[PDB]
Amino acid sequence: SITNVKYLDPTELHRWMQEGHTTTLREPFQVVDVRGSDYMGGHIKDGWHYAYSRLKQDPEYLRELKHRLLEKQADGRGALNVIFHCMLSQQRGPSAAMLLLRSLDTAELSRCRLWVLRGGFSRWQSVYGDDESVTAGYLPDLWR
């Protein structure tokens, strides 16, 4: 085998956002921010917020996230690039990716490409925070 979750750099996600799709295959993507208590202060524009603490405790919440991702994929070309992140993408981001992975059948996983955003929202804001076109709800004072 090879692996079914990989890292994605903020610079790549940013390019995809600028271009409207992944660059090479022109595939759709969807950011999933899994922060709970530290979500405030900014998030990536157009991402979905499903706190990992709830996804892990609430099976219907995980089902909803999976449904929503599969539905979006059915509407687009190729595989849907799902990008999980939390604050650092060290614990919650990767755990949430694996929680979704475990819930995907073979047919469903082949419809997706699963990513963790390297560095989390912390790294994202450091270069992209101020740009309201890619970052929603940025509170620069929260980062002093």
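One rule holds for the numbers: they count along the sequence shown, beginning at 1.
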(message) Can you tell me whether 65-73 has a higher mean C-alpha B factor than 104-112 in this record, or the other way round?
(response) 104-112
(message) Checking the record values for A96, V32, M40, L117, which has the greatest CA B factor?
(response) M40
(message) Based on the deposited C-alpha B factors for this chain, I'd like to know if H85 is in the lowest, middle or highest third.
(response) lowest
(request) Quick one: classify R26 as lowest, middle or highest third of the chain based on its Cα B-factor. (result) highest
(request) Name the third of the chain's ranked CA B-factors that contains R123, choosing lowest, middle or highest. (result) highest
(request) Taking the values exactly as deposited, rank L8 by C-alpha B-factor within its chain and report the matching third: lowest, middle or highest. (result) middle
